[PDB]
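Residue numbers (the entry's author numbering), protein chains in the order written: chain u, 1 to 114; chain y, 2 to 226; chain w, 14 to 329; chain V, 2 to 139; chain b, 4 to 225, 234 to 293, 305 to 344, 373 to 465; chain z, 83 to 117; chain B, 2 to 236, 256 to 385. Structure record follows, encoded as structure tokens.
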Amino acid sequence: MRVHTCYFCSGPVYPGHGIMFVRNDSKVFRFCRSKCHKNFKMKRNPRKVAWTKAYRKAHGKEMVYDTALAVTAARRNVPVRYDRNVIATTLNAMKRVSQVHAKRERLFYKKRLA
Amino acid sequence: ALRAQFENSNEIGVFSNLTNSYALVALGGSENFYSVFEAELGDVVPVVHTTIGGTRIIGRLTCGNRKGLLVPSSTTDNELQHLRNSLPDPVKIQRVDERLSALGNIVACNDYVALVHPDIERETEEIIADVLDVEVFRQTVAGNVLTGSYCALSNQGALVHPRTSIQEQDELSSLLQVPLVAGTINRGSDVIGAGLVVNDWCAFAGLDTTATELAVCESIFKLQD
Amino acid sequence: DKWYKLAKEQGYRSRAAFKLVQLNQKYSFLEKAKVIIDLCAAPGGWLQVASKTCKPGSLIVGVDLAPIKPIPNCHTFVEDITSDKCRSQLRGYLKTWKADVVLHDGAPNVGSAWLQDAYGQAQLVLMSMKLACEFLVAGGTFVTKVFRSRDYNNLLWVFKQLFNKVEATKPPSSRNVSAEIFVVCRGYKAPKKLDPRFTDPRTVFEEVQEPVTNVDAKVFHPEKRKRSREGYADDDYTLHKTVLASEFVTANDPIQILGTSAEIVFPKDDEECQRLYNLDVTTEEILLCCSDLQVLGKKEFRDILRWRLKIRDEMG
Amino acid sequence: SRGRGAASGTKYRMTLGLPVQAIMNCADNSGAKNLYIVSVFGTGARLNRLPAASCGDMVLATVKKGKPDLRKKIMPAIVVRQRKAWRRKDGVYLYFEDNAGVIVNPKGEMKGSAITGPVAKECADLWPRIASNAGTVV
Amino acid sequence: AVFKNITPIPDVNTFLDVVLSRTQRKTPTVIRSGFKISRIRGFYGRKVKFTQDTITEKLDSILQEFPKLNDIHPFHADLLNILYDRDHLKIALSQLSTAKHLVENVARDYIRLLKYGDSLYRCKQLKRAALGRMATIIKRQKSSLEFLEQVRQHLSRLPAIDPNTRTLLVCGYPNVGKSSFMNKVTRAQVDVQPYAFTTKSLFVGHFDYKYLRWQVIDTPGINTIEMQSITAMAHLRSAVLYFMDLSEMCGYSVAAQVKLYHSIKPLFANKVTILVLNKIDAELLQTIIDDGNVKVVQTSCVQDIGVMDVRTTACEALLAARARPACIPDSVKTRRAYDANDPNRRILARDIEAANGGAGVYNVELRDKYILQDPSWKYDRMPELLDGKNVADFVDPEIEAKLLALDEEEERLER
Amino acid sequence: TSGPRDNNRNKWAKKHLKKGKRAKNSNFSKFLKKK
Amino acid sequence: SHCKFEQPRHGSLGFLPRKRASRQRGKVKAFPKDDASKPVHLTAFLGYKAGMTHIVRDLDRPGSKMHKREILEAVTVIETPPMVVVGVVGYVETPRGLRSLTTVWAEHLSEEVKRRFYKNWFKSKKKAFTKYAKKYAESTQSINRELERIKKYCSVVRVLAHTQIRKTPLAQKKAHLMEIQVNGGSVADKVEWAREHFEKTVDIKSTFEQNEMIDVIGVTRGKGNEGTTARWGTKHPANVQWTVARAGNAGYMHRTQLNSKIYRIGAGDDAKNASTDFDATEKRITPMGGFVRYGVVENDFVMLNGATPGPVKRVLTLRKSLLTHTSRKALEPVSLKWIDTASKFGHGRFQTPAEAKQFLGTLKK
RNA sequence: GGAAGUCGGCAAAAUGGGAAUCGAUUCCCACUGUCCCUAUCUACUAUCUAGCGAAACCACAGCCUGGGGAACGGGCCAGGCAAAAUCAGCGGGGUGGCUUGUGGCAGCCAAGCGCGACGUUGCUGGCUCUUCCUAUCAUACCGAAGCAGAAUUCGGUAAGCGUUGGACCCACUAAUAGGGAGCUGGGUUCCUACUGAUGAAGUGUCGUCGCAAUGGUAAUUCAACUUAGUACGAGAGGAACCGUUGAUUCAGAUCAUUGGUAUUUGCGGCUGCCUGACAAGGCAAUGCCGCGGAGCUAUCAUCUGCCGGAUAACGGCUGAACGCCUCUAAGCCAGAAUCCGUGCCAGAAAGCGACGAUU
RNA sequence: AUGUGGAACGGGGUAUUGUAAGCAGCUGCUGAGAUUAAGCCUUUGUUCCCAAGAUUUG
């Protein structure tokens, strides 16, 4: 149960939604919807397709970095032993990410407006 | 040396992986396999009833030693969390972003030295040395790339194909610093790793293993005492 | 059919008997053949025609697995067509004489893959000529049936070196709907010793490698999935093969490298590749393009090709 | 007995995308290159329905292109990869970009030694030997 | 040579009834005079042909299932000689094959005449003339079919021998302790009775020793039984296990046994015999001991002493003729092996299963064995996703400290 | 294989209904029944 | 002459005639057998097919190939607002069948159930049940007499209940009224339970409990008149027989799906009904953008496995299973892990607008 | 996926082409809805309406089963049945109580009336389609057999349910059992029926909720885990019942997810055309291409398919007939995928009940 | 047939496409613009319309 990130649009990919494609080099691509899957089939570069988050972040249209809360997210390959106190205060850290990221999201676009 | 069958299959190395600090058994089938493992290692090392990526070939999908454990990319977060909770704290777990997902087929690793698939990624080799804390060497076994499946490793002994030559036998023993014997498991099947799982003090093989083969594994692994 | 009606009316046991006699009429080989050995004699129509046409008292042999109805003057051998025992009886009946014409009517059971049936008797004809060339005298003739397939040209090639003349043809009585052809190998070369390459079928039917695959077409058209059913690069364990950046720049086959390699890497250890990495000509877009070769478009490949030429202009 | 011979586990229903007459890639190092599908095991009595196979199914195969001694046997083959998209029971839709399979004996241990390319986990679970001798299982 | 796979041979009457009943039931039955003559001819032609096919199908099944005496290992061929008279068996099998060809000839003849049937009746009697001749042909092999069934029944009883493997033939005087030695060495339950020659036929028993399996074949004591015993040792790479009654408690004189062994030595050559002193608990022998190959091992048959030593000696003679610190846990050094009967043995999940409904019903708790600061939470559900983010990416034992450091930073930005 | 009309299949289906395998339905009904 | 190549019949003879159902509401043609050992309990409920989604649940199915794995299943969401009990019917067993002896109605009948008795509510003078209300107010001893008759002579007790269609976001204003047989207890006990349940609402929380196996019955979608191809699956001198496949109506037939499992009974007043212990993420069962062609679910809802007959916004009847069947699938518990509420009106990609807003930039609007 | 369809690349796609043999044939490669396996989209017709408006054909007509010597038919005989008026489809309807499983000649008896029975001995056409029968290939249950186990042979009840894919051949399959009552190839020179759709009418009228006479009926097979490496077996080998999990075929649904479809002609791109120009839009018998919601749909997607009696083969209890015995004669028990119900579908439009109002 | 009434538009949400014209200086306005129910959801928005005509009913 992982909400993966699509290869094309860089958006969320929930269970059931989309397609999984395995290439001969054992590389796994996940496509959220038929639009991104067919665009991948035609081999259109995400950095040259306007409506993709990959293009937006690589074209200066999205934040350079957000070191929000001294840590924002990572693909942790070392599992951590289950604790309630850790699990509850990290539940709170989730939200505290969200308002802070929401605040900086407002500030960045206000800066880009002028 | 003991004889066991997972379900009604002679390949127990495929469906289980055994180290000197823990045991892993497949989930969802018959626990008679888990029952047999607990009968000999329940009071020594923890036994984890685990799956890897919703799959029962955990033995050939995960490679590990008494120190650390590795899981492939397809390992789910829930299963990885399950494995961490089950295993004790002094054991570390690591995900591997390896193209060759079958870690149990590309890596044959004991507590001190590991011999790996020749075409393994450099980053995989570095993290293997970091987690397993073993010296890693790229070489083939009897001209065959699947070292983990075609060779079984322990601290005091190891087995390879009967197809290997004597000079290859000597070179492999010299590069591994452990006695090595050319043999077969499960009555002529040359998949030693798939048919045999061995820790430093006990050995498990399929029920179809011949008496002569069991004597060979006992002789090389010095398990009479 | 018409030939079946003729066979039952006249007394011949198969339409293949009419095929043999027509072939004998047009080529004129069997009448002078003193020693004739027929393999796969079923149903015996060939033996009946051979016995009737040839002068009585010749060395007529018919070998087959099924009970061969004793044909006049035709020693009938109900054994395997290439048994050690049966070859002993052929030599025992051959004595001082040597085989002049070897007739062969191999007909394995059909009802499986057409490739299997065609290739199935292909060794059976190939094996039958092995025992033939063992038994033939200089200038002898070997005649049999072959269905056309990808191995048909190779079998005729081996026939060309092992015989002076090849005269394959199709008679009118033969069912034209089927793919059978009657090959007539006359003028036995009579070599000093039977060549192991010819005898051993690994080197006979060995797949002859073709020129380089049309991969630049796939490079120019990354779309159009063309159902690649050839193999896997002749035992290529890892399909994520990478090509050195400096080697690709200095290479003279950029289209082949792009069409075969799945990734072009710029290793930090190699000083030349690091220099290419630090070159201003190499941009981030080109870097991400070469990092994933297979997911690339026509424009990206053309940009890469222009980039390598610009580097070629720079280094010399 | 060949039908479910040494399966060590049941298979879930999977989309069929390799009917008979299919031509498909050999995936082992035994030396064979191409395979032709002759029949599929475990097909019942369905009028006009073309016999078909999925990942992990065992078929009757003829090596169209390959080593001559590897041929002249209608040999069992395990379909390990399939181009047609299929629903994994956890919900995700999967499809490998080529149709691949391995030459195996009726018992269930192949003549090859190492698999070039990805291996479906359904194939690797019904056939522990393929899982034992697979390089990357996805 | 497992001769058990031969189908059972019906007597001539049941054979005919089964064939004719199958013809009636599987072929169409109704025809009218007004039908086209072609349909009438085809109707009766099918019955004649169908009856021919059933008969050959059965007869071929016999001819293929019986073992071809020439193509089999001469041990079994000569054993079938003494028991069944290869010539009688070969005549019986040839009679069936000649019958088979005759059944084919009659059917071909009557199908051929049926092509000219003009009325519903003239076809009807050719079919009746057909089936009667088919039946009268079969009725003539009553003796052959009865003989083969008797041979079949006794064939299914014979033991499955394998001369290729290592063997040790045991032969000697009747009831001279050889049966006791075979029973003690191999798991075969050989009956021992005071009646002489209790072992009417050979008895094959496997025994595991020296990491190998040896097939000990006990032969009748020394007639047809004696002939079978001789042929058993005639063609077999094995060693003799002669047992001579030292105390003559078996009823056979020691001198007579020695003389018999000397006479049979011509067939026992190229083997390492044994000079077993049977019934030890219960001159002539010098000549036998002079051979040297015989091993003089005392066999206290009454006390069952020395049987194991004799077997070990015979097996040995037949074989001759033919830094890595393993830190094992301290609990491993004193671990009690899990054996069910003992009470000190712990429980296994297999036993929890049979108590809690058995296979398919018991739900194993995967979570039941987590190393965890509590056994109560042991069934809790860990949150996985929250607001588009996994909880897993954030599980950090010091995650509270990163949150407080952060607090200070946001308090700085608002100010 | 025996079908659902099998008298045996009916018999051990009845045996299942005779034991606690249906007692999970009784108390299940009693819960809503009481509430 | 015999048929050369045989095949199984292209249709099912047990479902013909393929005629249009004479009803829009699912009929209960069999109620579960009664027992006096168990006292009172209802046996059916009436809901509306809002829409269907998919979920992820951990499968604890012992012996299964996917024991303790995460599985995806399609689920149907049926909105089940509480139904008002307005009547009781007594049925007497006769040698000619069950015959309705008498019927007793509640004093106050809502406009919801009153609309059922008219084809045009506005033109009518609304005179229905007026004199019944008058006599109920005047003398309750009469009504006590019919209830005494029901508890003295009748053997089967059924309650007339109508669904509050006003609560649902449906354009229809007529309430669906049906009979639910009161199973359990003595006839007197059923009559009392009906009396103290007059004019009060019975909710799905009291009828079903989130784990049991039910039969869902309704009228299927209408595909119109169809030829033999899609109606039946088609590839001697006589007259055409009934068994020959023919062209006619396909769809809008009364069907019964057996063995449907409730994965969840959620409450409308609760705002956590679409959230699970593995998910948190406050959300409602209504998908982002509202259910396609139905609306927003604001009342109690039931989530069944698989698919149920009929299109959206059609009425379904949910009955307790007639026969106990203790298949371990019918006996296992369900522990939901995640529920999909993305936009079904197209290729939705976000669960709720809240979590969509962080990923998306600051929209100018 | 790629001719697996068909007698066969008929027709489309590759743009039609490469090599051989005598334009034809074959082979390898290539292509594709011929096929697995059908789905979707558009126009016209069909549908209804306003107007106009025929013809063929016509003894009379219109239900089936058995019989009516035949020719059985629609009229006749005996039955099942039978309720106005209609609409749209589709085309159905325009010769023995025979026969079956056991051949022909001669002799020996000899129950008996010169025959003489059984015996006994002597010799050489294919492609799809509804239903029925059992004379059963498989599945269910039984009896016998050197049937130790496994596998198997024969026989009994049994037609509920299946009995394939390709060129007699070779595979799959549990099995590929036998028969009765729209089409094409090589070979000779109106009405009625069936299926859906309305519909006047007693019961005062209109409704709401129901009952159930009767008709139809549905589920089928396989292997996987223990129970097992146990029973059995010298060994080789090696099951079963309970419980559980999947799959084949079939049937009924559904569109969350996935694929497909494009007249959302919804958006965007390209070519050409249209006003002086920067622009602006618009047009091109659906100009071409990409994506494309909704709908439809796919064993190309998901879900669902159940229990009570009576028996047959057969195994028994008591028990006579017949002072014993006996499963049978009176009675009783267990017992097959069988028969009958339950469940499921329809609801008598001439079967019915309760309730509401009543100008 | 005066109502938590309906309808026509409008807003919002949700979707489809892909960042419009113009202003300009590829970039910014601009994940913009266009479409959005014709069988999508919602509406303290505005406007508008209905307490009517005919027929059969003891």
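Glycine is no exception: its CB is placed at the ideal position from the N, C-alpha and C atoms.
Bridge-paired residues (DSSP) for residue i
i: B:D59; result: B:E71
i: w:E220; result: Looking at the DSSP assignment, w:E220 forms no beta bridge with any residue, so it has no partner.
i: B:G88; result: B:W106 and B:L161
i: B:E94; result: B:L99
Own chain residues within Cβ distance below 7 Å of residue i, not counting five before or after
i: V:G4; result: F42 and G43
Alpha-carbon spacing of residue i relative to residue j, whole angstroms
i: y:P73; j: w:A126; result: 41 Å
i: B:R26; j: b:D437; result: 40 Å
i: V:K112; j: u:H59; result: 53 Å
i: w:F261; j: u:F40; result: 26 Å
i: B:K153; j: B:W106; result: 18 Å
i: V:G45; j: V:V80; result: 19 Å
i: w:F218; j: w:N167; result: 7 Å
i: y:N200; j: u:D66; result: 48 Å
i: w:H117; j: w:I94; result: 10 Å
i: w:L318; j: w:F233; result: 11 Å
i: y:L173; j: y:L181; result: 8 Å
Beta-carbon proximity list for residue i, same chain, < 6 Å, skipping 5 on both sides
i: b:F53; result: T26 and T30
i: V:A86; result: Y94 and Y96
i: w:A131; result: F160 and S162
i: w:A29; result: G58
Cβ shell of residue i (< 8 Å), same chain only, five flanking positions each side left out
i: y:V92; result: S22, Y23, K68, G69 and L70
Taking only runs of the alpha helix (DSSP H) that begin and end inside the region 63-149 of chain y, which ones reach a length of at least 4 residues, in chain order?
78-87, 104-107 and 123-133
Return the chain-ordered ranges of every beta strand (DSSP E) run that is complete within the region 1-73 of chain u and spans a minimum of 3 residues.
19-22 and 28-31
Mind pulling the alpha helix (DSSP H) runs of 4 or more residues that sit fully within the region 335-383 of chain B?
348-351 and 373-379
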